[PDB]
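Visitor: Below you'll find the structure I mean.
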Amino acid sequence: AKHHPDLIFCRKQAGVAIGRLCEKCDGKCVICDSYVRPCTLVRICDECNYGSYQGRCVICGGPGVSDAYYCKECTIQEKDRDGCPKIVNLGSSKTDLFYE
Amino acid sequence: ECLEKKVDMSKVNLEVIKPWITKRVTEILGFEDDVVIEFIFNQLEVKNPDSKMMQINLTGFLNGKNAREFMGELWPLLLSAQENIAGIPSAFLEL
Amino acid sequence: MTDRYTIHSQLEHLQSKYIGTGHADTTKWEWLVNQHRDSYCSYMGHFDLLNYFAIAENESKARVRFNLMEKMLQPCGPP
Amino acid sequence: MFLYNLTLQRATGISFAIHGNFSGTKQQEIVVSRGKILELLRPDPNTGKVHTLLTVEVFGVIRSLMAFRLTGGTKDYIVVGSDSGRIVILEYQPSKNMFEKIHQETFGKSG
Amino acid sequence: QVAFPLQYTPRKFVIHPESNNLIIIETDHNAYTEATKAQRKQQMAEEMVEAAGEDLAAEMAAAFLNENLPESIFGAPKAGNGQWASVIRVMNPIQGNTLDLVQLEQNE
Amino acid sequence: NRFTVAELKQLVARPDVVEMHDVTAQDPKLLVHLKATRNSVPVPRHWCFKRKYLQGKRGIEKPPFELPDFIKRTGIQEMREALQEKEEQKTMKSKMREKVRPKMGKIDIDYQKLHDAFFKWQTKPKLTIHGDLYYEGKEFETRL
Amino acid sequence: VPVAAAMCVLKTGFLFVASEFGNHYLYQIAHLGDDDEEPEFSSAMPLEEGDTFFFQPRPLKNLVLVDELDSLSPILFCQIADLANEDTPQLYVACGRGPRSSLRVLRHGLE
Amino acid sequence: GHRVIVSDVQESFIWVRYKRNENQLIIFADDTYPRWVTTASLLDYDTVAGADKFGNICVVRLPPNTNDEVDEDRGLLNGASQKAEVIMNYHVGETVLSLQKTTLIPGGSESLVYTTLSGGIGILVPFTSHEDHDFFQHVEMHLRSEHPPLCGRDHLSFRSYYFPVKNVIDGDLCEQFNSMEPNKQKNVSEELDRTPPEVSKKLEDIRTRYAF
RNA sequence: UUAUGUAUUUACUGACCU
Ligand SMILES: [Zn+2]
Ligand SMILES: [Zn+2]
Ligand SMILES: [Zn+2]
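And the structure:
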């Protein structure tokens, strides 16, 4: 995300699998991470959609509910035509909070 | 440097070359392994191998001196066998 | 033998795999050769710049594409 | 100050040209690309003339164009690769007289 | 469309506003001006009647000289590199006839 | 290795830009070519300073903000200053009392005046061309 | 034929050539195969000294022109002028590359 | 007359003044963009419409002051001092080689006529009033939504290929209003609060008036 | 008088977070 600067994206080739967002993060854009003007569906790679990882949230990794989208401001900057935006690592937040 | 005159493993035999290499690595680290002798086997499986990657991955196990003299031994045997149509280096042609 | 050139890659900070980006220590020759290669793929990419270049000679379009294509290897000259 | 573009006699030079059973019948058709324009031409065999059946503006540069036949198939689908980061596979619907876009897949930044 | 054929690639033209006439400059890289076409054809004929003609056919050189292929049909010859054919044509814009033709030199 | 500002200033077709650091580059000729290319804008003045680009704005006190005129002709500044000044007299007793019994219609200015001020009475401001980059003083040098 | 960007030979025996500069053409194939008269040579015949297989160019024998499809590409220079004393103006156009080049006059009417 | 427009092959238009008392040629205005201009045409005493090798069309209008009287060491940005400015940029996709201001039909009006390199012939037409401008702007702004182009190439980002588009409405997207199924036409027309024959009338009025 | 290194509060940022 933009808030947690240590989160890294997957960035491999985007397949045909449509991204999903959890119930806690519905309406969030994936890159600019806002709520308004969703314009373009999320296509995620086949390694980040395999088996146990199907229909899972792009950001949280929770169980997905609705489809994921990019903003218009991510679309017209063509930040959707890079790799798949599946946030891979879980780092330094929601880990120490689990230990707290 | 001398490890860059390219090779083609189709030009060479390998089953005659293994016991020399086993004998050399038993000389180098004293005792016998398999996974580094099978490193020699599996690195020299590929038809156009790389000697620099070979030298790195033997520098790991061995000293970095012994990897240097081992590449400077093993690469001219490969060249002396791939010049010959028989596929045998001079140390095993003459002996 | 070799010595100490063990530099396989490192921390994947941004993965600038886009060839032609360039970094701080990028010389004149390197970004000008990326500038020529991007110019050549945009020449043959657009049809109409290739039209404009084919009118200036009398060379046909496949002659111009083969010329532009074989110049993409070493366009500026040797380093 | 505030202007308005119109094409009067749209582009006529041909960069790519492909042929096949795009209608879905026994007879064949040409699909050409005028660069920014994508046109379907029927080579009327008895009278020998050439009649345009459709001309659309794709608003891109058709960098490459190629028709393919699906295995055990009648109709050929047109396949367009352009300055957008998109492969796009087209089917000539003869009834509504338009190119139905079958699929459109994104793979990289545009231009 | 009504077309009035030309020899080379026409760069631009102007309009004589009195007694309306087009004044066109034609210019092509890699192209012979036709004085060099005639000289090159005569040279070709010369080496074809010089290269061991004892045994013979000087018919080949004459038939080569007087059989001029239409360059609009068979493609114009291409004069290596750096050569430049060019003419200047005054033309009626009504009938489309070469009201005047002025060649230039070989690279000019 | 680093040939000085004398010869480097002698070689370049526009010598009027080569500075005291351009000798210390890693490619001087293209640096003073791109420094003398046509419509570029230069590096900001504070790349070599010690003051973090605006920590020299310490002790000068400046006016708050001039609203543009089309907004000031709606009376929003006078209504807003009036209710701020009336609110500066309130205690927490009445600030918590008029939180639950609110008097409304305090401003209620209109909608046609605001629409006219942004749409009928819109004023083009005084912009600038793309070269006019900002340095630290830049408005106290109004002497030009 | 004039130099083409793309060809589409058609079943039912047509040959469409798309000249990149000037007019496009559609030919009827008259003598396909053409295995009768011509000095054809091959790959694996022991011919040395460079190319050594020449051919004399000739006019049409295998194709007959059927349709000339029109094109203005490349419009190199243009004027809107009313030189022919008509009411509406006219487009005086330079066109074509090479010996196939043409000045072309364009009006609004029909043929 | 009394001014010269010099088209550089790489930078842009350079205004030059010629004097009668002297014989000088004083540069007094240029443009900030590099452009690779191929041809140009004058429209006003101030404006210069030009076109480039890559496909665009620019119209550079001088600012209202730009006093010509400059007698002749610093420039402004390594160039002239009165930087001229641009009042449209538009992408055509083909190299425009001839721009001409004319009137194609008697009883019609003036319209800039461009003839590109790939055979095409187009016009650029001014709008009369702001109701026409705003109407056709909302028409093509709806058509970028409802009727996307065939390759997926985004129409605003095709027309803003090199330079961003400015003050030009692509009427070749607009004249594809007459090519959708009437469900889409009714959606757009009631979104416009007109009817699809009314929009097709209003949309062919402009081509009727200025051109063919 | 620009300035450092630190012990060190106070303010401030990211629609950060069950
Ligand atoms: Zn976003
Ligand atoms: Zn992934
Ligand atoms: Zn989530």
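Residue numbers (the authors' numbering), protein chains in the order written: chain A, 2 to 101; chain B, 32 to 126; chain C, 1 to 79; chain D, 1 to 111; chain E, 776 to 830, 834 to 886; chain F, 458 to 601; chain G, 333 to 366, 367B, 368 to 443; chain H, 997 to 1061, 1062A, 1063 to 1068, 1078 to 1217. Every residue gets a Cβ at the ideal spot worked out from N, C-alpha and C, and that includes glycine.
Please specify which runs of the beta strand (DSSP E), each continuous and at least 3 residues long, are wholly inside the stretch 45-81 of chain D, giving them in chain order.
Guide: The qualifying runs are 50-57, 64-69 and 76-81.
Visitor: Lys75 (chain D): beta carbon under 8 Å from a heavy atom of ligand 2?
Guide: Taking the fourth sequence and counting its residues from 1, one reaches residue 75 (chain D) at position 75. No; taking the cut-off as 8 Å, the Cβ of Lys75 (chain D) has no heavy atom of ligand 2 nearer than that.
Visitor: Taking only the alpha-carbon atoms, compute the straight-line gap between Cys72 (chain A) and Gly65 (chain A) and give it to the nearest angstrom.
Guide: Here residue 72 (chain A) is taken as the residue at index 71 of the first sequence, counted from 1. Here residue 65 (chain A) is taken as the residue at index 64 of the first sequence, counted from 1. Cα to Cα, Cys72 (chain A) sits roughly 19 Å from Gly65 (chain A).
Visitor: Which full runs of the alpha helix (DSSP H) of 4+ residues lie inside the stretch 1156-1213 of chain H, going along the chain?
Guide: Counting whole runs of 4 or more residues, the stretch 1156-1213 of chain H contains the alpha helix (DSSP H) stretches 1160-1164, 1176-1179 and 1187-1196.
Visitor: With a threshold of 8 Å (Cβ to nearest heavy atom), would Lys80 (chain A) be considered close to ligand 2?
Guide: As a position in the first sequence, residue 80 (chain A) is number 79, starting the count at 1. Incorrect: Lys80 (chain A) has no Cβ contact closer than 8 Å to ligand 2.
Visitor: Near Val1033 (chain H), which residues of its chain fall below 6 Å by C-beta distance, leaving aside the five closest residues on each side in sequence?
Guide: In the eighth sequence, counting from the first residue as 1, residue 1033 (chain H) sits at position 37. Correct list, in chain order: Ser1003, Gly1046 and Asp1048.
Visitor: Does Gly45 (chain C) get closer than 9 Å to chain D when you measure Cβ to Cβ?
Guide: For this step, residue 45 (chain C) is matched to residue 45 along the third sequence. By this cut-off, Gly45 (chain C) is an interface position.
Visitor: At 8 Å on the CB atoms, spell out the chain H contacts of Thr494 (chain F), in chain order.
Guide: Taking the sixth sequence and counting its residues from 1, the one referred to as residue 494 (chain F) is at position 37. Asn1083, listed in chain order.
Visitor: Thinking residue 195 (chain D) and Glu57 (chain D) are a contact (beta carbons under 8 Å), I'd like their distance in whole angstroms, please.
Guide: Chain D is shown from 1 up to 111; residue 195 (chain D) falls before or after that span and cannot be answered.
Visitor: May I ask you to list, following chain order, the residues of the stretch 71-91 of chain A that have a beta carbon less than 8 Å from some beta carbon of chain D?
Guide: Here the close residues are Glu79, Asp81, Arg82 and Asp83.
Visitor: Would a check of beta-carbon distances place residue 831 (chain E) closer than 9 Å to chain G?
Guide: Absent here is residue 831 (chain E), because the residues of chain E run from 830 on to 834 with nothing modelled in between.
Visitor: So with CB distances below 7 Å, who are the chain C contacts of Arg63 (chain D)?
Guide: Here residue 63 (chain D) is taken as the residue at index 63 of the fourth sequence, counted from 1. Simply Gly45.
Visitor: Note down, in chain order, every chain H residue with its Cβ under 9 Å from the Cβ of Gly588 (chain F).
Guide: Here residue 588 (chain F) refers to the residue found at position 131 when the sixth sequence is read from its first residue. Within 9 Å Cβ-Cβ: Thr1028, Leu1081, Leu1082 and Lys1088.
Visitor: So is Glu24 (chain A) buried or exposed if we call it buried at 16+ other beta carbons inside 10 Å?
Guide: As a working note, residue 24 (chain A) is residue 23 in the first sequence. By the neighbour-count rule (16 or more Cβ atoms within 10 Å), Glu24 (chain A) is not buried but exposed.
Visitor: Near ligand 1, which residues have their beta-carbon closer than 6 Å to a heavy atom?
Guide: That gives A:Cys30, A:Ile32, A:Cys33, A:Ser35, A:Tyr71, A:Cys72, A:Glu74 and A:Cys75.
Visitor: At 3 residues or longer, and completely inside the stretch 45-79 of chain B: list those beta strand (DSSP E) runs for me, N to C.
Guide: DSSP runs (the beta strand (DSSP E)) wholly in the stretch 45-79 of chain B: none.
Visitor: Of the choices H:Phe1050, H:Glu1090 and H:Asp1137, whose alpha-carbon is the least far from that of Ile1010 (chain H)?
Guide: Residue mapping note: residue 1010 (chain H) aligns to position 14 of the eighth sequence, counting from 1. Checked all of H:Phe1050, H:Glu1090 and H:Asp1137; the closest Cα to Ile1010 (chain H) is H:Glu1090.
Visitor: Counting contacts by CB-CB distance shorter than 9 Å, is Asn58 (chain C) in contact with chain G?
Guide: If you number the third sequence from 1, residue 58 (chain C) lands on position 58. Output row for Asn58 (chain C): interface = yes.
Visitor: What does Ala15 (chain A) touch in chain D if you count any residue whose Cβ is under 8 Å from its own?
Guide: Taking the first residue of the first sequence as position 1, residue 15 (chain A) is located at position 14. In chain order: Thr106 and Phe107.
Visitor: Among the candidates F:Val469, F:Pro499 and F:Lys552, whose CA atom is the shortest distance from the CA of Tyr592 (chain F)?
Guide: In the sixth sequence, the residue the question calls residue 592 (chain F) occupies position 135. Of the candidates F:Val469, F:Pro499 and F:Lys552, the one whose C-alpha sits nearest the C-alpha of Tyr592 (chain F) is F:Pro499.
Visitor: Can you tell me the Cα-Cα spacing of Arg1057 (chain H) and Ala493 (chain F), whole angstroms?
Guide: Numbered from its first residue, the eighth sequence carries residue 1057 (chain H) at position 61. Numbered from its first residue, the sixth sequence carries residue 493 (chain F) at position 36. Cα-Cα distance, rounded: 26 Å.
Visitor: Taking its Cβ as the centre, do 16 or more other Cβ atoms sit within 10 Å of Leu379 (chain G), making it buried, or is it exposed?
Guide: Reading the seventh sequence from its first residue, position 47 is the one you call residue 379 (chain G). Exposed is the call here.
Visitor: Would you mind telling me which residues of chain G sit closer than 7 Å to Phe779 (chain E), beta carbon to beta carbon, in chain order?
Guide: Residue 779 (chain E) sits at position 4 when you count from the first residue of the fifth sequence. Those within 7 Å of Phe779 (chain E) in chain G are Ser434 and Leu435.
Visitor: Is there at least one Cβ from chain G nearer than 9 Å to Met823 (chain E)'s Cβ?
Guide: As a working note, residue 823 (chain E) is residue 48 in the fifth sequence. It does not: the Cβ of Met823 (chain E) has no partner Cβ on chain G nearer than 9 Å.
Visitor: Can you name the start and end residues of the beta strand (DSSP E) that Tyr1119 (chain H) belongs to?
Guide: One-based indexing of the eighth sequence puts residue 1119 (chain H) at position 114. Residues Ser1116 to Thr1121.
Visitor: Return no unless some Cβ of chain H is closer than 9 Å to the Cβ of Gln93 (chain D).
Guide: What you label residue 93 (chain D) is simply residue 93 of the fourth sequence in a count that begins at 1. Judged by the 9 Å Cβ criterion, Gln93 (chain D) is not in contact with chain H.
Visitor: According to the Cβ coordinates, are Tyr359 (chain G) and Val335 (chain G) closer than 9 Å?
Guide: Against the seventh sequence, residue 359 (chain G) aligns to sequence position 27. Against the seventh sequence, residue 335 (chain G) aligns to sequence position 3. For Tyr359 (chain G) and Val335 (chain G), no; Cβs fall outside 9 Å.
Visitor: Among all residues, which have a Cβ less than 6 Å from at least one non-hydrogen atom of ligand 2, and in what chain order do they fall?
Guide: Selection output, chain order preserved: A:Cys11, A:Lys13, A:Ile45, A:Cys46, A:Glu48, A:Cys49, A:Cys85 and A:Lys87.
Visitor: How about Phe1168 (chain H) and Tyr1029 (chain H): are their beta carbons less than 9 Å apart?
Guide: As a working note, residue 1168 (chain H) is residue 163 in the eighth sequence. As a working note, residue 1029 (chain H) is residue 33 in the eighth sequence. Against a cut-off of 9 Å, the Cβ pair of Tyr1029 (chain H) and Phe1168 (chain H) comes out as a contact.
Visitor: Does the contact criterion of 3 or more C-beta pairs under 8 Å hold for the stretch 419-438 of chain G versus the stretch 348-355 of chain G?
Guide: With a cut-off of 8 Å, the stretch 348-355 of chain G and the stretch 419-438 of chain G count as touching, because enough Cβ pairs lie within range.
Visitor: Of all the options E:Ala857, E:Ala841 and E:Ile872, which has the alpha carbon lying nearest to the alpha carbon of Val777 (chain E)?
Guide: In the fifth sequence, residue 777 (chain E) corresponds to position 2, counting from 1. Ranking E:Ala857, E:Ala841 and E:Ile872 by Cα distance to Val777 (chain E) puts E:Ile872 first.
Visitor: Whose beta carbon lies closer than 5 Å to any heavy atom of ligand 3, going through the chain in order?
Guide: In chain order, the hits are A:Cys23, A:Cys26, A:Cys58, A:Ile60 and A:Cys61.
Visitor: Given a cut-off of 9 Å on the beta-carbon distance, is the pair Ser1123 (chain H) and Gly13 (chain D) in contact?
Guide: The sequence position of residue 1123 (chain H) within the eighth sequence is 118, counting from 1. The sequence position of residue 13 (chain D) within the fourth sequence is 13, counting from 1. Cβ distance < 9 Å, so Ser1123 (chain H) and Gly13 (chain D) count as in contact.
Visitor: Determine, using beta carbons only, whether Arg600 (chain F) comes closer than 9 Å to chain H.
Guide: Looking up residue 600 (chain F) in the sixth sequence gives position 143. Not an interface residue.
Visitor: So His19 (chain D) contacts chain G; which residues on that side make the cut at Cβ distance below 7 Å?
Guide: Within the fourth sequence, the letter at position 19 stands for residue 19 (chain D). By Cβ distance, chain G contributes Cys340 and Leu342.
Visitor: Give me the subset of the stretch 403-414 of chain G whose CB atoms are less than 8 Å from a CB atom of chain C, sorted by chain position.
Guide: So the close ones are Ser405, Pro406 and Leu408.
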